[PDB]
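Participant:
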Amino acid sequence: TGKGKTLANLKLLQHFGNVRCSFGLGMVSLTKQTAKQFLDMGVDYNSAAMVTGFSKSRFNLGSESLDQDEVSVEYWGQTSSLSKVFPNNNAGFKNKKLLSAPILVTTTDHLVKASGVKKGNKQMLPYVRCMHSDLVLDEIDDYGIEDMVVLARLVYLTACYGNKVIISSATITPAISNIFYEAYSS
Amino acid sequence: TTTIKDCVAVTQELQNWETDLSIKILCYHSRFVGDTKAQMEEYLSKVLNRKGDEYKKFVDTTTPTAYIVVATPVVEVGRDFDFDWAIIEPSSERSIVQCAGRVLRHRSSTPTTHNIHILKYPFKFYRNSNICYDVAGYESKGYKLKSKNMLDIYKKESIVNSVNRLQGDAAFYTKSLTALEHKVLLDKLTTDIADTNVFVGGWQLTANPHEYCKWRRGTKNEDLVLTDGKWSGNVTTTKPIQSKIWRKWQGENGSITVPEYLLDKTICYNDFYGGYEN
Amino acid sequence: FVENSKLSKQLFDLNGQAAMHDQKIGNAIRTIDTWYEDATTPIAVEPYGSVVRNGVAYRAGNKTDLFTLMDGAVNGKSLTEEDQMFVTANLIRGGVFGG
Amino acid sequence: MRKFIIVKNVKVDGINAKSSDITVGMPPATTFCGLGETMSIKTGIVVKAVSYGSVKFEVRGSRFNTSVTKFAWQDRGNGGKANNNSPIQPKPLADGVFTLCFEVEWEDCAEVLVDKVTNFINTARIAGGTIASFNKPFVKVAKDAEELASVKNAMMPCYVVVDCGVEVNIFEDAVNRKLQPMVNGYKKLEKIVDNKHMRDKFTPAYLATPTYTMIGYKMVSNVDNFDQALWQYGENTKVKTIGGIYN
DNA sequence: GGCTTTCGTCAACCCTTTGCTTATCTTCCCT
DNA sequence: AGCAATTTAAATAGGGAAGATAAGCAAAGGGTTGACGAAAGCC
RNA sequence: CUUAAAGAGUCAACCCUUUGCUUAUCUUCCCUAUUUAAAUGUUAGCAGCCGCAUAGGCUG
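From first to last, the protein sequence lines stand for chains A, B, C and D. Just so you know, we're using our numbering here: the first sequence kicks off at 208 and counts up by one. Just so you know, we're using our numbering here: the second sequence kicks off at 7 and counts up by one. Just so you know, we're using our numbering here: the third sequence kicks off at 1392 and counts up by one. Just so you know, we're using our numbering here: the fourth sequence kicks off at 4 and counts up by one.
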């Protein structure tokens, strides 16, 4: 920690060319931190899309003009061609930010539904998202055991279409690193 | 510490603790109202930032003071905090490594004697001596430690880093915490398909990997909501001990997440420490 | 005398009406003992000359308690009129004098 | 990867409590291993191990003497003596509510496995006792060790048998370390040359003296490893736990 | 030639008076 | 036709008496639960 | 195919009687419950008289 892991992940993604990735992170605030790093280093909202699907009421006080912080939800971005095959032209704000994002800095639960769902059509949007985009999962050790199982299911599904999985965990256990490699290998 | 009532027990003991030290106590668990919780976060991030000396102005560093933050595993995940020292209630070894990462995270000065004091037992030993590390840990009913003494299951003096988690040991998992951790990790995330496993094949066709392997599997979790100072369910606001509280932010809106088990009794929300059993 | 009563001072309320104990009165009847050693004021007739308030027993440790004078009289030691009157006063006070 | 079927609250009465000459009480693990191989024969589901626990168990009699059984005149040729009371050979009787958990390997649905075990148990006989009642058996699987403990805790409430081993002999340690002795198997003495008076004429027969191991009763949830409660036929003409000696 | 009935044959104690174990419970997290 | 306000503190202490006794009877039963060996009619 | 296989414990009852737990007790001292304030919400749905009306209108 403290060495700039997420910046190194973006560097590794950009080494192969232009970036198309889903930064799936635990917690809302860690996604906010990675979004703020992406904003102040080089990434605008035409490429980045911070997705936290709860609409929290945590606002910044003191000075709105002198903030230079509090990464928000606008996504000027670019609507992908996949929105025409989704129901009713995808959706409003949230699913447009999901599907059409080049870089999707999101909470992870908007990506683990790609592996499948019980009832409804909630699988298709993260499925089609992870089909054409890379997957970057940071500090996977903080998740639960079943959470890590479904995250490696997501890694297997992402590798099923040739995309690249970046795992960023310092305290990795050989077991975890191995089963994530075996999911990527399958 | 491990859980919320454990945190308020450590807080209520330390507040009533007579000493010459100027203890200033904070509670940092997850059961808090929208406003109060967010306020704790921003304050803690701006006082524990030790890459510069900007914090000297967010706390009273003029007077010798012990600024103590009693927290649950919400501090060891995703927090850019830098404490001078930590006292850890043992639940898992990755908790030890992460709370080591909350001490001297921003500085580079080496400690001289000892900067982490690990407790002898988790507090669930006095409540359940059969199993005590299952809360926020990989101990469970199928993987039981033979002894719960941390002299038996951990090194008495140890340089805590990622090395013990990085190495990986499957032998002697019943009397060491690290090998207990590694055992569970290879016995649940295995190269099989099972039904709740990771290579799942044949079952993707079925609804089984989405029912028996539930993402964010938590307890029932109902949400008692504070509406403008007036609580919804069986909450009953209370008064904290006002002995050593350094900072206490008030809250009026927001919601608290209470497990259905603790819904039976009053969660007794308080401005200083959120939920407990009283 | 009260303990767990959530009330600091009770009063003897015979059917609500304020009253004082019979033992309070009967102690004040037998406050006639002016025949102990440092005899300045009458004290209550007790086998030891004992008072709860002053924390001292005026007839203890100096061979003028009721038990030694009772043993003496019984045996044959002529009790002085004041000692005799003290022993008689403790007898009409009452109490177990065995052991 | 392990599969189990549990029959909970198996109320059985008329149990032949005479486990051996020196043990009277709970039937040993040879009895329940014999019950397991009995279903391996009638139902065809081949059983590796059985973990059995005692919910309730009372030996019929007083605290120092068992209630003997009034024998019936059933031998041939002793008519004329039939009016008098038949002589009593020692066979104590007992009642017991048990919980059984059979390690099976099955390849069909759980409903036909439950039906096969139910059809066996309806014609079974625990330790010579008629099965008075039993709950509907349920199938649970032990994929991992936490799942093994799930099966373990599904036998609640019952006191399972854990093996604690023989140090010197049976009487000494039963007084000293206070553990219970039971038949873990038998010792073969002589080959039997007369197969005329036996169940089969082709199955080889031996006179046997019961070997015993020393065991303890622990509640199934307080048992750390479920393999230390699953008894199975060992290859020493004995039975043994999968987890070995309980420590 | 067994075979089945009934009658005769051979014995002799030092006892003690409940526990065995003791039941399958919530931290993160975001939706 | 619902609205009923907030904090703050709930007493320190001294005592809970010893001396006596706590029955003596008389009962508490046995009745069946025997297998080999040996005469001795009997197919 | 489980020390497998098998087995009726039956019966009967008089616990009696007797009794002295008495004795004497000082609870007691102490003291600030203090300070506020719109009841608003139309706050009333009436009295006659024009009429067959308990339909509908008028009068203040």
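Ideal Cβ placement from N, Cα and C applies to all residues, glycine included.
Could you pull the start and end residues of the alpha helix (DSSP H) that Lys52(B) belongs to?
Facilitator: It spans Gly40 to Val53 - the alpha helix (DSSP H) in which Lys52(B) sits, taken as one unbroken run.
Participant: I need the straight-line Cα distance from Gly143(B) to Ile218(D), nearest angstrom please.
Facilitator: Distance between the alpha carbons of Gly143(B) and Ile218(D) is about 33 angstroms.
Participant: Note down, in chain order, every chain B residue with its Cβ under 8 angstroms from the Cβ of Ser236(A).
Facilitator: Under the 8 angstroms cutoff, chain B gives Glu47 and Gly84.
Participant: Given a cut-off of 8 angstroms, decide if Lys14(D) and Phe137(D) are closer than it, judged by their beta-carbon atoms.
Facilitator: For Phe137(D) and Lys14(D), yes; Cβs fall inside 8 angstroms.
Participant: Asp274(A) CB to nearest chain B CB: under 8 angstroms?
Facilitator: Not an interface residue.
Participant: Do the CB positions of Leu195(B) and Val357(A) come within less than 8 angstroms of each other?
Facilitator: No, Cβ-Cβ distance for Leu195(B) and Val357(A) is not below 8 angstroms.
Participant: At a Cβ threshold of 8 angstroms, is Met355(A) touching chain B?
Facilitator: So yes, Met355(A) belongs to the interface.
Participant: Assuming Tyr236(D) is part of the beta strand (DSSP E), what are its boundary residues?
Facilitator: Here the beta strand (DSSP E) through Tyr236(D) covers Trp234 to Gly237.
Participant: Could you tell me which of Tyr220(D), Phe105(D) and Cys112(D) sits nearest to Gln183(D), measuring between CA atoms?
Facilitator: Per the Cα distances, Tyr220(D).
Participant: Determine whether the beta carbon atoms of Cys104(D) and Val53(D) lie at a separation below 8 angstroms.
Facilitator: A contact, by the Cβ cut-off of 8 angstroms.
Participant: Determine the direct distance from the alpha carbon of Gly237(D) to that of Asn122(D), and round the result to whole angstroms.
Facilitator: One C-alpha to the other measures close to 27 angstroms.
Participant: Suppose only complete runs of 3+ residues qualify. What are the beta strand (DSSP E) ranges in the region 302-386 of chain A, listed by chain order?
Facilitator: Correct list: 310-314, 341-345 and 372-375.
Participant: Specify the secondary structure class of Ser101(B) as computed by DSSP and reduced to three states.
Facilitator: Three-state DSSP puts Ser101(B) in a helix.
Participant: Can you grab the Cα-Cα spacing for the pair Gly211(A) / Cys274(B), in whole Å?
Facilitator: Approximately 42 angstroms, taken between the alpha carbons.
Participant: Taking all protein chains shown into account, decide if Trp23(B) is buried (16 or more other Cβ within 10 angstroms of its Cβ) or exposed.
Facilitator: Classification for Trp23(B): exposed.
Participant: Return the residue from the list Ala213(B), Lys150(B) and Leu27(B) that minimises the CA-CA distance to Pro70(B).
Facilitator: Ranking the options by Cα distance to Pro70(B), first place goes to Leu27(B).
Participant: For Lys143(D) versus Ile9(D), is the C-beta distance shorter than 8 angstroms?
Facilitator: Yes, they are a contact pair.
Participant: Figure out for me which residue from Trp255(B), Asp270(B) and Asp234(B) has the closest Cα to the Cα of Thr42(B).
Facilitator: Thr42(B) has its Cα closest to that of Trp255(B), out of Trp255(B), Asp270(B) and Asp234(B).
Participant: Could you round the C-beta distance between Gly174(B) and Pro381(A) to whole angstroms and report it? I think they count as a contact, below 8 angstroms.
Facilitator: 4 angstroms between Cβ atoms; contact.
Participant: List the residues of chain D that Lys147(B) touches, going by C-beta distances under 7 angstroms, in chain order.
Facilitator: Residues of chain D passing the Cβ test: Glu149, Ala152 and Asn156.
Participant: Just how far apart, CA to CA, sit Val165(D) and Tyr350(A)?
Facilitator: Taking the straight line from one Cα to the other gives about 37 angstroms.
Participant: Of all the options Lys181(B), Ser238(B) and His216(B), which has the alpha carbon lying nearest to the alpha carbon of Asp354(A)?
Facilitator: Nearest C-alpha to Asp354(A): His216(B).
Participant: What are the boundary residues of the alpha helix (DSSP H) that includes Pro215(B)?
Facilitator: Residues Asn214 to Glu217.
Participant: If you draw a straight line from the alpha carbon of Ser249(B) to that of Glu19(B), how long is it in whole angstroms?
Facilitator: Cα to Cα, the separation comes out at about 11 angstroms.
Participant: Take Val204(B) as the anchor and find which of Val292(A), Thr314(A), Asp316(A) and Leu364(A) has the nearest alpha-carbon.
Facilitator: The shortest C-alpha separation from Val204(B) is found at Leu364(A).
Participant: Buried or exposed for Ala255(A), please, with buried defined as at least 16 other CB atoms from any protein chain shown within 10 angstroms of its CB.
Facilitator: Classification for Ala255(A): buried.
Participant: Just to make sure I have the definition right: I need the residues of chain D whose C-beta is within less than 8 angstroms of the C-beta of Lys150(B). Which are they?
Facilitator: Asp227, listed in chain order.
Participant: Assuming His112(B) and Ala77(B) form a contact by the criterion Cβ under 8 angstroms, report the distance between their Cβ atoms to the nearest whole angstrom.
Facilitator: No, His112(B) and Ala77(B) are not in contact; Cβ-Cβ is about 18 angstroms, not under 8 angstroms.
Participant: According to DSSP, is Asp193(B) part of a helix, a strand, or is it coil?
Facilitator: DSSP places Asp193(B) in helix when its eight states are reduced to three.
Participant: Alpha helix (DSSP H) containing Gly231(A): first to last residue?
Facilitator: From DSSP, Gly231(A) is part of no alpha helix (DSSP H) but of the beta strand (DSSP E) over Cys228 to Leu232.
Participant: Where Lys245(B) and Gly281(B) are concerned, what is the direct C-alpha to C-alpha distance, given to the nearest angstrom?
Facilitator: Roughly 12 angstroms between the two C-alpha positions.
Participant: Using DSSP bridges, identify the partner residues of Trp221(B).
Facilitator: For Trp221(B), which the question treats as bridged, DSSP gives no partner whatsoever.
Participant: Going by beta-carbon coordinates alone, are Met156(B) and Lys130(B) separated by less than 8 angstroms?
Facilitator: No, the Cβ-Cβ distance between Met156(B) and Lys130(B) is not below 8 angstroms.
Participant: Kindly indicate which three-state DSSP category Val115(D) falls into: helix, strand or coil?
Facilitator: Helix at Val115(D).
Participant: Does the region 362-376 of chain A come within contact of the region 336-351 of chain A, defined as at least 3 CB pairs closer than 8 angstroms?
Facilitator: With a cut-off of 8 angstroms, the region 336-351 of chain A and the region 362-376 of chain A count as touching, because enough Cβ pairs lie within range.
Participant: Which residue marks the beginning of the alpha helix (DSSP H) containing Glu149(D), and which one marks its end?
Facilitator: Run containing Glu149(D): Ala148 to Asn156, per the alpha helix (DSSP H) assignment.
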